[PDB]
Amino acid sequence: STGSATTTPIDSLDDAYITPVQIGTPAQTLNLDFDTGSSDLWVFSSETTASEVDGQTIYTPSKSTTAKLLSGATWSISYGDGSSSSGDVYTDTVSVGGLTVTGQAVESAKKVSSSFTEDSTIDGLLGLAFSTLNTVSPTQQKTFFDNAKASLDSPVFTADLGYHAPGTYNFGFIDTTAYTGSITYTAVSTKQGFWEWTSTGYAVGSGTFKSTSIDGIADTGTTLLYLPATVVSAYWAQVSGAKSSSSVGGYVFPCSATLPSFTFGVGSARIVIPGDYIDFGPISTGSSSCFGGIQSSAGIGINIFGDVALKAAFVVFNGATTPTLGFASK
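End of the sequence shown = 1601 in the numbering used here, gap-free, step of one.
Put into structure tokens, the structure is as follows:
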């Protein structure tokens, strides 16, 4: 089997991407944030505290003839951005772009933190990291991909995120028309539960490539590109007027600037992030100071190849017995 679904930016900045997901019988379609940095499929629901729901579409398990309460199971998660959510668990039928899993754990939110409430466009998350990170207790549950894997034509999914435009998540096959040149595969460590890999270096604009190992994770659920302070300093030094602002919480730059591209290495291959991808607009409405899309990972504890990086590539998440990551230009 295979599946294919369109993923759409939630706003004009590509702050995140939503993908329609069918849950239950009859189908209830929710728009979920596909997140290769976490491993819980959780949704706004009929059980979510009413004051914490503000425009989201909810899953109502009582209206699904295939929903079954997973007795005694709870979940609770906290994300890198400080947000969180928690609740109980159902199993139900879940379909993504034509691909169907029966008995998928659907984590129903009883509580969500304010940032989720405040975002009307995201109805929940669909985690695609390794199932070892799943937070369901006392019996850990598998991700949608993990459940689907055996049935897929090939044990892979691909992320093809758009810049200010729709893109595609495919399950079970590689669309060879969706990228240019070749896919370069690179090793993955699953030891922390992430799609963790090592970039071979970087360049700033038309500058010379610096060969240096950068360990980080491929994370569709993170907006920006978080890299070591040395790398980030080298990038923003090429932008007149750019500075790190403690009050804003990262590098800012004059909105009148033209940003240089940023290249990262995948083995001997190179992925080029156009400068425009690195502009995340005014820090506040009407400001002429703009927020940068490349930021320091210092104090995160890990480098993160988030959407800014991933949307410059066609990315293969290869879930073979030994997982690997593939990157192609597009």
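All residues carry an ideal CB built from backbone N, CA and C; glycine is no exception.
Rounded Cβ spacing between residue i and residue j (contact assumed at less than 8 Å)
| i | j | result |
| --- | --- | --- |
| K1413 | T1320 | The Cβ separation is near 27 Å, so there is no contact. |
| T1447 | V1586 | Not a contact, Cβ separation roughly 14 Å. |
| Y1497 | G1577 | 7 Å |
| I1542 | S1600 | 6 Å |
| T1410 | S1347 | About 15 Å separates the two Cβ atoms, so there is no contact after all. |
| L1399 | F1305 | 6 Å |
| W1313 | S1356 | 6 Å |
Close Cβ partners of residue i (< 7 Å) along its chain, the five nearest in sequence each way excluded
| i | result |
| --- | --- |
| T1595 | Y1456, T1457, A1458, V1459, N1589 |
| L1303 | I1289, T1290, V1292, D1394, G1395, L1396, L1397 |
| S1568 | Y1497, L1498, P1499, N1574, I1575 |
| residue 1226 | Only positions 1272 to 1601 of the chain appear in the structure, and residue 1226 is not among them; the question remains open. |
| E1323 | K1382, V1383, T1388 |
| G1552 | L1284, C1561, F1562 |
| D1417 | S1402 |
| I1329 | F1315, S1316, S1317, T1319 |
| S1516 | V1523 |
Contact under 8 Å by Cβ, residue i with residue j
| i | j | result |
| --- | --- | --- |
| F1480 | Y1506 | no |
| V1367 | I1294 | no |
| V1579 | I1549 | yes |
| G1452 | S1470 | no |
| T1388 | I1281 | no |
| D1359 | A1338 | no |
| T1493 | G1308 | yes |
| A1419 | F1442 | yes |
| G1369 | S1275 | yes |
| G1476 | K1582 | no |
Nearest neighbour of residue i, chosen from the options [CA to CA]
| i | options | result |
| --- | --- | --- |
| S1272 | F1465, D1547, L1495, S1425 | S1425 |
| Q1463 | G1572, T1300, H1435, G1564 | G1572 |
| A1513 | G1476, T1491, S1560 | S1560 |
| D1311 | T1403, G1536, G1570, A1528 | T1403 |
| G1536 | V1523, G1597, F1551, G1552 | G1597 |
| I1554 | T1331, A1276, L1284 | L1284 |
| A1508 | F1444, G1563, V1324 | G1563 |
| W1468 | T1483, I1454, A1489, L1301 | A1489 |
| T1529 | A1540, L1423, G1443, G1546 | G1546 |
| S1558 | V1372, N1418, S1527 | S1527 |
| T1336 | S1477, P1297, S1504 | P1297 |
| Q1566 | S1539, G1520, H1435 | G1520 |
| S1539 | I1454, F1444, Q1327 | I1454 |
| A1591 | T1461, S1482, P1531 | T1461 |
| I1445 | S1408, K1334, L1423, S1356 | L1423 |
Close Cβ partners of residue i (< 6 Å) along its chain, the five nearest in sequence each way excluded
| i | result |
| --- | --- |
| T1278 | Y1288, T1290, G1438, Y1440 |
| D1431 | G1438, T1439, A1449, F1585 |
| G1374 | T1362 |
| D1286 | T1494 |
| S1386 | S1354 |
Any non-hydrogen atom of the ligand COA within 7 Å of residue i CB
| i | result |
| --- | --- |
| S1516 | You won't find the ligand COA in this model; it holds no ligand whatsoever. |
Q | Length at least 4, wholly inside the stretch 1329–1402: the alpha helix (DSSP H) runs in chain order | A | Taking only runs of at least 4 residues, the alpha helix (DSSP H) segments lying wholly in the stretch 1329–1402 are 1385–1389.
Q.
If we require 3 or more residues per run, which beta strand (DSSP E) segments fall completely within the stretch 1456–1513?
A. Those beta strand (DSSP E) runs which fall completely within the stretch 1456–1513 and span 3+ residues are 1467–1475, 1481–1489, 1496–1498.
(Q) At 3 residues or longer, what runs of the beta strand (DSSP E) sit wholly inside the stretch 1277–1305? (A) Listed in chain order, they are 1288–1294.
Q | Entirely enclosed alpha helix (DSSP H) segments - the stretch 1535–1571, minimum 4 residues | A | Runs found: none.
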